[PDB]
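Working notes, structure below.
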Amino acid sequence: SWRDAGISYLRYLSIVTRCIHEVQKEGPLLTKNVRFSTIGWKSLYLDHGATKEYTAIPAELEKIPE
Amino acid sequence: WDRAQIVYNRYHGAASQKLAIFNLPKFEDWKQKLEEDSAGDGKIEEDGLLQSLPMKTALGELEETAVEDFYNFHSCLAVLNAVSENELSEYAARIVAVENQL
Amino acid sequence: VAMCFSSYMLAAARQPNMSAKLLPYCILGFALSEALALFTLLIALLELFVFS
Amino acid sequence: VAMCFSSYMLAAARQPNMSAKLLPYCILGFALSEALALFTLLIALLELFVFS
Amino acid sequence: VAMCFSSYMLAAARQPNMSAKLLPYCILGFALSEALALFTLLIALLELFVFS
Amino acid sequence: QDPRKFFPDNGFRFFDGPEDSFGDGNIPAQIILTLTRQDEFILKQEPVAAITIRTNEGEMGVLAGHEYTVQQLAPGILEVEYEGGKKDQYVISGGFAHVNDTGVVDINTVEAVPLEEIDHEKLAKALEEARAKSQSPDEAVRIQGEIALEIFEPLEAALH
């Protein structure tokens with residue numbers, strides 16, 4: 001199953017939440033809940049002077065951290 | 001890590017945005033504290049604290065993977081509350097620190 | 001007989017603070033579970049040293 | 001016999017407050033199981049001290 | 001007999017630090033459960049080397 | 001140097017959790033049910049007669065003075081019955097449910113939406129999408145099909 005695949009229980013709940021937000025009806029509630037599933041954030045770490053993306057843990061849920 | 005001190009801003013009101021922290025123990029440390037406190041009699045060791053002996057028994061009944069998820073889940077909610085309180089405090093302190101600029 | 005102490009162990013693990021309240025209902029269930037064996041044993045010991 | 005107490009322990013663990021209200025049921029079940037045992041024992045004692 | 005140690009195992013695996021306070025109620029069920037065996041074993045050995 | 005100008009509060013304190021008493025009296029007649037999604041609640045300590053939950057072990061029922069127990073919620077639906085004989089059903093995404101011996105049920109979930117806000121029409125299309133993902137041999141997509149099916153199958157069976 002998905003357990004030994006390497007993903008966390010929390011990514012699992014978020015996948016379920018994404019699906020629920022899909023199937024539900026169009027309205028103000030959906031307008032609220034699509035926000036609670038959309039991915040827009042990032043991560044950054046500071047080089048000697050510059051910014052660089054810490055891409056060791058992705059935001060998308062299908063992938064696996066390594 | 002052994003202890004994670006989350007730090008954030010607490011929106012007490014539109015005019016007061018103080019600090020607030022969550023002192024999270026480690027899972028391998030928290031499970032041992034769970035068993036140690038679940039054995040002895042349940043006496044609150046600090047004023048304003050809630051007794052939790054029945055919980056640390058019942059969690060002992062719960063399986064291994066599920067208690068791992070218990071810790072990770074409740075810690076996730078702690079994190080999320082910190083982020084939410086700081087968003088409201090950001091937008092509550094900006095109006096103050098902007099009207100003074102005006 | 002050992003079922004009683006077995007239950008006491010699992011119950012004490014469930015709630016050690018209750019461990020004191022349970023042992024009266026353990027020893028009671030213990031001896032009077034042992035007692036029948038005595039009532040069963042006594043017969044075979046009463047069966048021989050008096051009967052011809 | 002112990003199967004009665006073995007429940008009352010676990011029950012008393014899972015809810016200490018109801019330990020007093022499940023007590024009569026436990027006593028009753030123990031007594032009735034013991035009554036069956038007693039009738040068998042009565043046959044054993046009655047089989048000898050009256051019969052030739 | 002093995003029921004008692006099985007209870008001790010699952011009780012300690014339920015509560016490790018309780019493992020010390022459960023062992024006193026583990027040996028008591030061990031001997032007295034074994035004790036009946038002795039008496040049950042006694043008769044058969046007492047049945048032969050003394051009776052003709 | 002100033003000795004520790006700051007003294008931040010422990011943010012846990014602002015909450016008012018239960019005081020689990022072992023009970024020296026009788027049980028209430030109705031459970032005080034509190035249900036929470038991500039941060040905002042939907043129900044704050046409302047009187048409720050009974051509640052039925054879905055779990056990995058299976059489906060459970062909760063009444064006043066139910067035994068103190070905690071376990072995972074499996075992603076599905078939830079049924080709540082108020083004292084007036086009415087009912088209210090909520091789709092969830094996992095979580096943990098804590099039932100106090102005093103009769104105070106605290107439920108924490110990642111999502112909570114009634115059944116009324118879902119249509120079988122839009123649900124139907126996602127099913128074969130999840131099935132195609134499940135049948136498509138790939139560890140990254142197979143699990144997604146399986147999981148979306150896990151939440152859709154109780155909905156497909158509950159609407160019907």
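Chain labels run A, B, ... following the order of the structure tokens; each chain numbers its residues from 1, and ligands are numbered from 1 in the order shown.
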Identify, with DSSP run on backbone atoms, the residues in chain E assigned to helix (DSSP H, G or I), and express the list as a short mmCIF file (atom, residue, chain, number, x, y, z; two decimals) with N, CA, C and O atoms, in the first residue's frame.
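Full text of selection_1.cif as output:
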```cif
data_model
loop_
_atom_site.label_atom_id
_atom_site.label_comp_id
_atom_site.auth_asym_id
_atom_site.auth_seq_id
_atom_site.Cartn_x
_atom_site.Cartn_y
_atom_site.Cartn_z
N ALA E 2 0.90 -21.07 31.51
CA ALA E 2 1.32 -20.18 30.44
C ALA E 2 0.39 -18.99 30.28
O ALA E 2 0.82 -17.96 29.76
N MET E 3 -0.87 -19.11 30.71
CA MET E 3 -1.77 -17.96 30.68
C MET E 3 -1.22 -16.82 31.53
O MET E 3 -1.30 -15.65 31.15
N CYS E 4 -0.61 -17.15 32.67
CA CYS E 4 -0.12 -16.11 33.58
C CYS E 4 1.06 -15.36 32.97
O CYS E 4 1.09 -14.12 32.97
N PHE E 5 2.03 -16.09 32.42
CA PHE E 5 3.17 -15.43 31.78
C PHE E 5 2.76 -14.72 30.50
O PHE E 5 3.33 -13.68 30.16
N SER E 6 1.77 -15.26 29.78
CA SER E 6 1.25 -14.56 28.61
C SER E 6 0.65 -13.22 29.01
O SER E 6 0.85 -12.20 28.34
N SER E 7 -0.08 -13.21 30.13
CA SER E 7 -0.61 -11.97 30.66
C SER E 7 0.50 -11.02 31.05
O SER E 7 0.41 -9.82 30.78
N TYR E 8 1.56 -11.53 31.69
CA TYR E 8 2.67 -10.67 32.06
C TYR E 8 3.33 -10.05 30.83
O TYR E 8 3.66 -8.87 30.83
N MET E 9 3.49 -10.85 29.78
CA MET E 9 4.09 -10.34 28.55
C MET E 9 3.25 -9.23 27.95
O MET E 9 3.76 -8.14 27.65
N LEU E 10 1.96 -9.50 27.72
CA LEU E 10 1.13 -8.49 27.08
C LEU E 10 0.89 -7.29 27.99
O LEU E 10 0.67 -6.18 27.49
N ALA E 11 0.97 -7.47 29.30
CA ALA E 11 0.83 -6.36 30.23
C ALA E 11 2.06 -5.47 30.22
O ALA E 11 1.95 -4.24 30.25
N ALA E 12 3.25 -6.08 30.18
CA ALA E 12 4.47 -5.29 30.10
C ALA E 12 4.61 -4.62 28.75
O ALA E 12 5.06 -3.47 28.66
N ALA E 13 4.22 -5.31 27.68
CA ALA E 13 4.17 -4.70 26.36
C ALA E 13 3.08 -3.64 26.27
O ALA E 13 3.12 -2.80 25.37
N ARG E 14 2.11 -3.68 27.19
CA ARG E 14 1.14 -2.61 27.32
C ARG E 14 1.67 -1.49 28.21
O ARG E 14 1.37 -0.31 27.96
N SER E 19 6.24 -3.40 34.66
CA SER E 19 6.68 -4.79 34.66
C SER E 19 7.18 -5.25 36.02
O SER E 19 7.13 -6.44 36.33
N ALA E 20 7.67 -4.32 36.85
CA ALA E 20 8.16 -4.69 38.17
C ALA E 20 7.02 -4.97 39.14
O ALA E 20 7.09 -5.92 39.93
N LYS E 21 5.96 -4.16 39.09
CA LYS E 21 4.87 -4.29 40.06
C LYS E 21 3.85 -5.36 39.68
O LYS E 21 2.95 -5.63 40.47
N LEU E 22 3.98 -5.97 38.49
CA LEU E 22 3.09 -7.05 38.08
C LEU E 22 3.67 -8.42 38.38
O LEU E 22 2.92 -9.38 38.57
N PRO E 24 5.03 -9.68 41.11
CA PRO E 24 4.54 -10.32 42.34
C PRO E 24 3.22 -11.05 42.15
O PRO E 24 3.02 -12.13 42.72
N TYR E 25 2.31 -10.48 41.36
CA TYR E 25 1.06 -11.15 41.02
C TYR E 25 1.21 -12.12 39.86
O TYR E 25 0.19 -12.62 39.35
N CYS E 26 2.44 -12.40 39.43
CA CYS E 26 2.73 -13.37 38.38
C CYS E 26 3.29 -14.67 38.93
O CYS E 26 2.96 -15.75 38.43
N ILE E 27 4.14 -14.59 39.95
CA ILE E 27 4.67 -15.79 40.57
C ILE E 27 3.59 -16.47 41.41
O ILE E 27 3.54 -17.70 41.49
N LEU E 28 2.72 -15.68 42.04
CA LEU E 28 1.68 -16.25 42.89
C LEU E 28 0.73 -17.13 42.09
O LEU E 28 0.35 -18.21 42.55
N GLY E 29 0.36 -16.69 40.89
CA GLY E 29 -0.42 -17.53 40.01
C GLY E 29 0.37 -18.67 39.40
O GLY E 29 -0.22 -19.65 38.94
N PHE E 30 1.70 -18.55 39.39
CA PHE E 30 2.53 -19.61 38.82
C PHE E 30 2.60 -20.81 39.75
O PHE E 30 2.33 -21.95 39.33
N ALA E 31 2.95 -20.58 41.01
CA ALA E 31 3.11 -21.69 41.95
C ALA E 31 1.77 -22.35 42.25
O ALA E 31 1.63 -23.57 42.16
N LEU E 32 0.76 -21.55 42.61
CA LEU E 32 -0.51 -22.11 43.03
C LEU E 32 -1.27 -22.76 41.88
O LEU E 32 -2.09 -23.65 42.13
N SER E 33 -1.01 -22.35 40.64
CA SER E 33 -1.49 -23.13 39.50
C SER E 33 -0.67 -24.40 39.35
O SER E 33 -1.22 -25.47 39.07
N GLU E 34 0.64 -24.30 39.53
CA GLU E 34 1.48 -25.49 39.57
C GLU E 34 1.14 -26.37 40.77
O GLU E 34 1.19 -27.60 40.68
N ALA E 35 0.74 -25.75 41.89
CA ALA E 35 0.48 -26.50 43.11
C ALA E 35 -0.62 -27.53 42.90
O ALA E 35 -0.47 -28.70 43.30
N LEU E 36 -1.71 -27.13 42.24
CA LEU E 36 -2.77 -28.09 41.94
C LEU E 36 -2.23 -29.26 41.14
O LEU E 36 -2.53 -30.42 41.46
N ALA E 37 -1.38 -28.98 40.14
CA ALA E 37 -0.76 -30.05 39.37
C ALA E 37 -0.05 -31.02 40.29
O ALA E 37 -0.24 -32.24 40.18
N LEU E 38 0.71 -30.49 41.26
CA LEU E 38 1.39 -31.33 42.23
C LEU E 38 0.41 -32.26 42.92
O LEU E 38 0.59 -33.49 42.93
N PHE E 39 -0.68 -31.70 43.46
CA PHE E 39 -1.66 -32.54 44.13
C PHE E 39 -2.27 -33.52 43.14
O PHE E 39 -2.40 -34.72 43.44
N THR E 40 -2.57 -33.06 41.92
CA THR E 40 -3.07 -33.96 40.90
C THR E 40 -2.02 -35.01 40.56
O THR E 40 -2.34 -36.18 40.34
N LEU E 41 -0.76 -34.60 40.54
CA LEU E 41 0.33 -35.53 40.32
C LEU E 41 0.61 -36.35 41.57
O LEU E 41 1.13 -37.46 41.46
N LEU E 42 0.27 -35.83 42.74
CA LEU E 42 0.58 -36.53 43.98
C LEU E 42 -0.19 -37.84 44.06
O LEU E 42 0.39 -38.90 44.31
N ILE E 43 -1.50 -37.77 43.78
CA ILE E 43 -2.39 -38.92 43.96
C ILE E 43 -1.87 -40.12 43.17
O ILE E 43 -1.67 -41.21 43.72
N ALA E 44 -1.63 -39.92 41.87
CA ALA E 44 -1.16 -41.01 41.01
C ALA E 44 0.13 -41.62 41.54
O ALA E 44 0.31 -42.84 41.47
N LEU E 45 1.02 -40.79 42.09
CA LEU E 45 2.24 -41.34 42.68
C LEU E 45 1.97 -41.89 44.07
O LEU E 45 2.58 -42.89 44.47
N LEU E 46 1.05 -41.26 44.81
CA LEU E 46 0.58 -41.80 46.07
C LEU E 46 -0.35 -42.99 45.88
O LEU E 46 -0.65 -43.70 46.85
#
```
One decimal place gives the CA of residue 76 in chain B-CA of residue 37 in chain F separation as 12.6 Å
Work out how far CA of residue 11 in chain B is from CA of residue 88 in chain B, in Å to one decimal.
6.7 Å
Within 10 Å of chain D, which residues of chain B are there when counting only C-alpha atoms? Please give them as a ChimeraX atom specification.
/B:54,57-58
Those residues you just picked out, can you put them in a file as a compact mmCIF listing (two decimals), in the first residue's frame with C-alpha atoms?
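New file out_23.txt:
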```
# COMPACT_ATOMS: atom_id res chain seq x y z
CA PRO B 54 -6.70 8.52 31.22
CA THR B 57 -3.47 5.05 29.23
CA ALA B 58 -5.79 5.01 26.21
```
Polymer residues at most 9 Å from residue 17 in chain F, only C-alpha atoms, same-chain spacing of 2 or more positions, as a tab-separated table (two decimals) with N, CA, C and O atoms, in the first residue's frame:
```tsv
chain	number	residue	atom	x	y	z
B	50	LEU	N	-3.88	20.77	32.96
B	50	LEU	CA	-4.96	19.79	32.96
B	50	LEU	C	-4.41	18.39	33.18
B	50	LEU	O	-3.37	18.03	32.63
F	15	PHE	N	-6.14	27.96	25.60
F	15	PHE	CA	-7.23	27.03	25.46
F	15	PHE	C	-7.72	26.57	26.83
F	15	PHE	O	-7.03	26.71	27.84
F	19	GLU	N	-11.05	18.57	32.01
F	19	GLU	CA	-10.39	17.99	33.17
F	19	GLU	C	-10.97	16.60	33.35
F	19	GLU	O	-12.04	16.43	33.93
```
Set the distance at 12 Å and use only C-alpha atoms: which residues neighbour residue 14 in chain F once local chain neighbours fewer than 4 positions away are removed? I'd like the list as a list in words.
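Near residue 14 in chain F, the qualifying residues are residues 10, 11, 12, 20, 21, 22, 48 and 49 of chain B; 9 and 10 of chain F.
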Which residues of chain F come within 8 Å of chain B, and what is each one's closest atom pair and distance in Å (one decimal), counting only C-alpha atoms, sorted by chain and residue number, as JSON lines?
```
{"residue": "F:8", "atom": "CA", "partner": "B:20", "partner_atom": "CA", "distance": 5.1}
{"residue": "F:9", "atom": "CA", "partner": "B:20", "partner_atom": "CA", "distance": 4.8}
{"residue": "F:10", "atom": "CA", "partner": "B:21", "partner_atom": "CA", "distance": 5.3}
{"residue": "F:11", "atom": "CA", "partner": "B:20", "partner_atom": "CA", "distance": 5.2}
{"residue": "F:12", "atom": "CA", "partner": "B:22", "partner_atom": "CA", "distance": 7.0}
{"residue": "F:13", "atom": "CA", "partner": "B:48", "partner_atom": "CA", "distance": 7.7}
{"residue": "F:17", "atom": "CA", "partner": "B:50", "partner_atom": "CA", "distance": 7.2}
{"residue": "F:18", "atom": "CA", "partner": "B:50", "partner_atom": "CA", "distance": 7.2}
{"residue": "F:19", "atom": "CA", "partner": "B:50", "partner_atom": "CA", "distance": 5.7}
{"residue": "F:20", "atom": "CA", "partner": "B:51", "partner_atom": "CA", "distance": 6.5}
{"residue": "F:38", "atom": "CA", "partner": "B:77", "partner_atom": "CA", "distance": 7.3}
{"residue": "F:39", "atom": "CA", "partner": "B:81", "partner_atom": "CA", "distance": 6.7}
{"residue": "F:68", "atom": "CA", "partner": "B:58", "partner_atom": "CA", "distance": 7.2}
{"residue": "F:69", "atom": "CA", "partner": "B:58", "partner_atom": "CA", "distance": 5.9}
{"residue": "F:70", "atom": "CA", "partner": "B:58", "partner_atom": "CA", "distance": 6.6}
{"residue": "F:71", "atom": "CA", "partner": "B:62", "partner_atom": "CA", "distance": 6.8}
{"residue": "F:72", "atom": "CA", "partner": "B:66", "partner_atom": "CA", "distance": 6.9}
{"residue": "F:96", "atom": "CA", "partner": "B:70", "partner_atom": "CA", "distance": 7.7}
```
